[PDB]
Amino acid sequence: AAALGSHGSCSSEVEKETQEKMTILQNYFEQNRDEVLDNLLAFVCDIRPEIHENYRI
Amino acid sequence: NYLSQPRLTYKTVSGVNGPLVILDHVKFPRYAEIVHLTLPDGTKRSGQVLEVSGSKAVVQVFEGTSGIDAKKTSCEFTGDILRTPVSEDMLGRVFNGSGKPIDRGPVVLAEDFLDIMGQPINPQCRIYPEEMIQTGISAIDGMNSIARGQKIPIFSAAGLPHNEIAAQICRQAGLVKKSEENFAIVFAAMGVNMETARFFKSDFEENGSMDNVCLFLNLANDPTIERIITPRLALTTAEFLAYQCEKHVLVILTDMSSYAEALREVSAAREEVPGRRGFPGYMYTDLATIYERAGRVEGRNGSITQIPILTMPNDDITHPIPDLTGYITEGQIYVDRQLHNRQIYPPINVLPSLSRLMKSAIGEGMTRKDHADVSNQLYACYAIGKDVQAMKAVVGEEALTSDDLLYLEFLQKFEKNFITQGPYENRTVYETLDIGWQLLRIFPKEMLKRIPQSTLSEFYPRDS
Amino acid sequence: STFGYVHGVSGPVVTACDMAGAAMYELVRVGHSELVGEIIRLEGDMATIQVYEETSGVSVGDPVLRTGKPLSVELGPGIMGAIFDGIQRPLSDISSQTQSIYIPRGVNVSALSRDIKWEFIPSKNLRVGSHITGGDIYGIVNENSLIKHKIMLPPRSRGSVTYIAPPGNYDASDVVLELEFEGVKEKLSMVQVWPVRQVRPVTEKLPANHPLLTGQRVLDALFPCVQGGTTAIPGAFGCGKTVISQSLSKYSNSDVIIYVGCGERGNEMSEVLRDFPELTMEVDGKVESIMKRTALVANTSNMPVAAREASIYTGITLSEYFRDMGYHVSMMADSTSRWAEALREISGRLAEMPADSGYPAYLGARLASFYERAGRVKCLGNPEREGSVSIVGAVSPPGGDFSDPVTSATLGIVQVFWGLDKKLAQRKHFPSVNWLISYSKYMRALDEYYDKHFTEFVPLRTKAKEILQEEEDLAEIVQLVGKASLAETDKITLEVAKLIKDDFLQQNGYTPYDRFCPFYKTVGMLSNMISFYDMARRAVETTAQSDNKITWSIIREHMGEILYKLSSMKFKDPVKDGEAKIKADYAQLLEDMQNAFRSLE
């Protein structure tokens, strides 16, 4: 009881850290997603057709 | 950079035979490519290209060939070989032998994608092993001590507690805590029955160590190719964690005897002739490709240490699996049927066991200055104690000398206190060495001939 | 064309087409990453390639570039101090250039660097029009302070010099000679290339006459090897092999050292590659690195099986190249058992008939043909010279079973066995050479050398071997006779056997006086111990026949100072005390013991 009791209250900080870490994900994602979508959509639209390097006439 | 081209899907199945599907009209077939099959009922399976010849490819399907036909089955060629996503987010996760999650967490976001075959470490870049890995088990840490960058098998037999030992090493292992978060475990288990697999998964959650551990489970009725892949996913993860994230990784590979059973089956599916004792002739080069993914390297602070675990038929050390493992690895820890029958746990026999790198792991600044002397003297007393115990049945206890009666007292207290340990009892190397001195103090200090006078002066007397 | 194309892949086996002019056992580069393999079958205009590297991802229609050559070595300046594997990949240059801890698939760095410039001096009296033949030295490169590297015209080359380069600094790719024969011109740089499986030719192969000294008292006295000799040692964990390797490297009368690891454990190979650069020797009163006269071939157990098998052929071809310059070479193979297991795996891939214990039918012929490359020679080509290659091959009998096919073949071939022993290492008896099991068959070839240079030695060796054998017969008698009841002659034998065993056969290599023991110190010590034995025997046998007897107790009580001087002989330091000073002190022990026995008699 002497070893568990105090840290039993302080274990609430794992939830506080979970919400802080998730808030840090929201802040990271919303600042960057437009560059990531602009890059991703550019790679999808830039097609460039080519034949397999082992092809011979 | 990227692979970019659209995939081809074929309905050109020529034939089906055993685990194998044969296709024709395939465009520039690539050896070892991964392919996806869709069955006539819409079920999906996957496989790997086992051979190519002209426009023909033959695919080994991981799941069965049942329900496949030449008309409606389609095969999609992905363009590439098997690569695994890898990241530090894999610690605290459970995966199957194909790297798929089985812990109800999400699928891995890659920090990289790696080829599971790897590459050999350059002999110029590998530096010699050094400090201890502390397993928490006295028969290992005290007398068969394991160096960072060593590879050392546990040799066992069917019905002995080698999975209970492996699980205890996994729960307890770390660095010595002299005077870290840089330690991790990759645990891989091949051909595991559902009772054993549930035990591993349950025991590491229940005893709360998952934040250090990546776990790969391959069950006894999973595809036999997933058993071939399992050590390679595990070691491709250990190579990322050790040589890019600078961790000390412990790798536990469970039943290399189950791995060899799958290797013999993939060899038979290629229509190769059986080699020496029925295993593939190339089984040394195959096992060496697993075991040499280990060591310390120059200029990086991480390492990989391997503990393979093996089951021997007939308790015979001369079978190809333990024999070829002995030529590649550097020591053995031996698990004994007689200690197990005597109800001792862990039933490790210290007389045939050896760690060949023990002198590089132990001593001042790495464990304690007396460790080598205590290990040498405990071995010497036990080897005499077993010889006195044998002659006691010939000459009778009234013919034994006072010194024989000291070895006969040491023998009983060594096995009850040093070797016998709980499955959830964790001893540091310091506790192991202190239990070692309690037993050495049974003798007059003149008997302790393997220990120098300086060590006897500092450690033989008790103190407040 | 130089290109065929991949037709099919099945494990390490590749089938290729448009391969019509490709010869048996040529090397090829397969696919866009250029994986190495060798041609093992021809059929029509198709070839079957055994690929050395992982074939994962190789595609139908991929290029198969053919090299016009079998497996071969680049022979030229840049070999000294180099680390190679069994197929001559430069492991330290691959590390340096790649900045990776791994070896890349299809890596194609040249074994000798083409960007280092070498100081070259021509042979002074070669001119335009000079007639020149294979093995002729036409210039020298100052490679380092120790090895002058002699540039030779290749075997199977001859003609009249049409150009020779002036003194200067040159890349290994620069032409330094041109010659002409039958109106056809050959242009040559400092690097020649030779097939590892072909024996390099010589003017004559000669009997081996001169000792390969190690500085050990055992070995050099009881079990000598010659320059050009062959030796085996037991390759096992506790026995202490390193005394052979380090005495050869630091102290032998070799000019060059080649070391081969041939499928060793990763942590063992790491220990060799750490330790060898740290070894040093004293030359002209200056300390020099061993890596100025040494090259290493290194292979761990996960290198390609083709490299692990090629390794000894790479190492012997390097050894034969320095022999041809007129050097004396020692070659060490770290375990020939790991080489034989690679040969077995290759025969398994080829699906060959499993013969003795699963080893291919040719195993004993491959071992015989390998050890037949050892010897003293008269070199090819004009400046008249002699060289030699001496082979030491470690071998690992399983559980000590010498009936193993590789061990049984090896001890059937080699002329010396130095039986290193775990039991002696556990006694702290170092060097751990077992004198009962060990042998040398060169003792007759060395008879003319010992007669000329030392003259007293062959009798002393013969007596010393008998004393050490008598003690091994007397031991089973002493177990019953209880030591005290033994004859005084035999007490002298037992205690002189102990004197030889503790004070001649043992040699503490960490101590400045005993790191190296020269042969004058070696015969001087033995001469005195055997002189004392003969005088002690003579004193007993003169008196005990009918007079009041002398005893080994009376001798010890009278002569304990002489016996202490005899045990002290090993402490003489060949660097601090001159040859004449040590010899004069060893003569003083002979005078003192003769005086002491004359006072006893």
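- As stated in the entry header, the method of structure determination is cryo-EM and the reported resolution is 3.0 Å.

### Topic: empty space enclosed by the protein
Residues and elements named next belong to chain C.
So, step 1. Computed from the structure, the largest cavity encloses a volume of approximately 40 Å³.
So, step 2. Considering the residues around the largest cavity, the lining is formed by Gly135, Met152, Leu153, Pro154, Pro155, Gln192, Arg200, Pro201, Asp324 and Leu380.
So, step 3. Residue contributions to the lining of the largest cavity reach at least three from each of two domains, namely domain 2 (72-115 + 189-440) and domain 3 (116-188).
So, step 4. Taken as a whole, the second largest cavity holds about 40 Å³ of empty space.
So, step 5. Put simply, the parts of the chain that give the lining of the second largest cavity at least two residues each are α3 (242-251), β20 (256-260) and β24 (328-333).
So, step 6. Ranked by residue count, the leading element in the lining of the second largest cavity is α3, at 3 residues.
So, step 7. Of the residues belonging to the lining of the second largest cavity, the class tally is 5 nonpolar, 3 polar and no charged.

### Details of the UniProt feature "binding site: Mg(2+) 1" (unreviewed entry) in chain C
All names here are of chain C.
So, step 1. Per the UniProt record, "binding site: Mg(2+) 1" (unreviewed entry) is found at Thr242 and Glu264.
So, step 2. Relative to the helices and strands, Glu264 is located in the loop between β20 and α4 (266-278).
So, step 3. The class for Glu264 is buried, based on a relative accessible area of 5%.

### Describing the pairing of strand β1 (residues 3-10) of chain C
So, step 1. As paired elements, strand β5 (residues 44-53) of chain B and β1(C) share 2 bridges and run antiparallel to each other. Across the sheet, B:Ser53 pairs through a bridge with C:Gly8, a residue of β1(C).
So, step 2. Strand direction decides the pairing type here: β1(C) and strand β6 (residues 63-66) of chain C, joined by 3 bridges, are antiparallel. Residue C:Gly4 lies in a different strand from β6(C), and its bridge partner there is C:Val64.
So, step 3. Sheet topology places β1(C) next to strand β2 (residues 13-17) of chain C; 5 bridges connect them, and they run antiparallel. Within β2(C), the residue paired with C:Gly8 across the bridge is C:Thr15.
So, step 4. The antiparallel pairing of β1(C) with β2(C) creates a hairpin that spans 2 residues between the two strands, and C:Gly11 there sits at a positive phi of about 65 degrees.

### A closer look at the packing of helix α5 (residues 305-323) of chain C against helix α6 (residues 336-349) of chain C
All names here are of chain C.
So, step 1. Put simply, α5 and α6 touch, their axes get as near as 8 Å, and they point 130 degrees apart. The angle between the axes of α5 and α6 places the two elements in the oblique class. α6 is crossed by α5, and the crossing has left-handed handedness. Side by side, α5 and α6 meet where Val305, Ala306, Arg308, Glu309, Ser311, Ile312 and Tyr313 of the first sit next to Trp339, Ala342, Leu343, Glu345 and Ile346 of the second.
So, step 2. Residue composition of the contact of α5 with α6, grouped by class: 8 nonpolar, 1 polar and 3 charged.

Rules of the game
- Residues numbered from 1 in each chain as written, not as in the entry; some residues may be left out.
- Chains lettered and ligands numbered in written order.
- Part of a larger assembly, values for the part shown.
- Heavy atoms only, no water.
- 1 Å grid on protein atoms, 1.4 Å probe; cavity = no way out; pocket = protein on both sides within 12 Å on 5 of 7 lines; lining within 4 Å.
- Points joined across faces, edges and corners; volume = space filled by probe spheres on them.
- Domains from an automatic or database assignment.
- Helix = DSSP H or I, 4+ residues; strand = E, 2+ residues; numbered from the N terminus.
- Nonpolar A, V, L, I, M, F, W, Y, C, P; charged D, E, K, R; others polar.
- UniProt positions renumbered as here; feature names shortened; annotations may be inferred.
- Buried < 20%, exposed > 50% of the residue type's maximum accessible area, 1.4 Å probe, protein only.
- Pairing = 2+ DSSP bridges.
- Axes fitted to C-alpha atoms, helices over the stretch in contact; angles between N-to-C directions.
- Parallel < 35°, antiparallel > 145°, perpendicular 65-115°, else oblique.
- Left-handed = near helix turned anticlockwise from the far one by under 90°.
- Contact = heavy atoms within 4.5 Å.

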